[PDB]
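Take a look at this single chain, the form deposited in one PDB entry, given in structure tokens.
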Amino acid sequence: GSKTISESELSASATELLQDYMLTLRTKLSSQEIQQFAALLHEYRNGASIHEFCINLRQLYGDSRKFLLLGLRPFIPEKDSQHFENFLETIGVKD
């Protein structure tokens, strides 16, 4: 929640992954869309539920770009990871 800085916010390795993920997004998303992503990640880290985060990601990315959601795994803390895997399986995205 908002009162807890999560593992990925404190991990240099996860941060390297975040920076590269953002560069990767440029290939499929517009600048305005990447702004929405940033807003969504910020909302999640600020306490939005994992469900709310996932639903908003899915509607932003759309069916044709949902594969990009796999790359968010490192930013999901332990408590929310099973929910996130469930989400990925539900929308037909898998490694």
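The term rigid core refers to the most C-alpha atoms you can superpose between the two forms while keeping them within 1.5 Å. Shifts are known only where both forms have a C-alpha. All residue numbers are counted from 1 along the displayed sequence.
Participant: Can you tell me whether 48-56 has a higher mean C-alpha B factor than 25-33 in this record, or the other way round?
Facilitator: According to the PDB entry, the answer is 25-33.
Participant: Comparing 76-84 with 6-14, where is the mean C-alpha B-factor higher?
Facilitator: Stretch with the greater average CA B-factor: 76-84.
Beyond the structure shown, there is the form deposited in another entry, which is absent from this document and is the topic of what follows.
Participant: Core-aligned, does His42 move its Cα 2 Å or more between this form and the one not shown?
Facilitator: No, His42 moves less than 2 Å.
Participant: Please determine whether the C-alpha atom of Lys66 is displaced by 2 Å or more between this form and the one not shown following superposition on the rigid core.
Facilitator: Yes, the C-alpha position differs by at least 2 Å between this form and the one not shown.
Participant: At a 2 Å cut-off on C-alpha positions, does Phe84 qualify as shifted between this form and the one not shown after fitting the rigid core?
Facilitator: Where the cores coincide, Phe84 shows only a C-alpha shift between this form and the one not shown that is less than 2 Å.
Participant: Taking the rigid core as the frame, what runs of at least 3 residues have C-alpha moves of 2 Å or more between this form and the one not shown?
Facilitator: Residues 12-30, 62-68 form the shifted runs.
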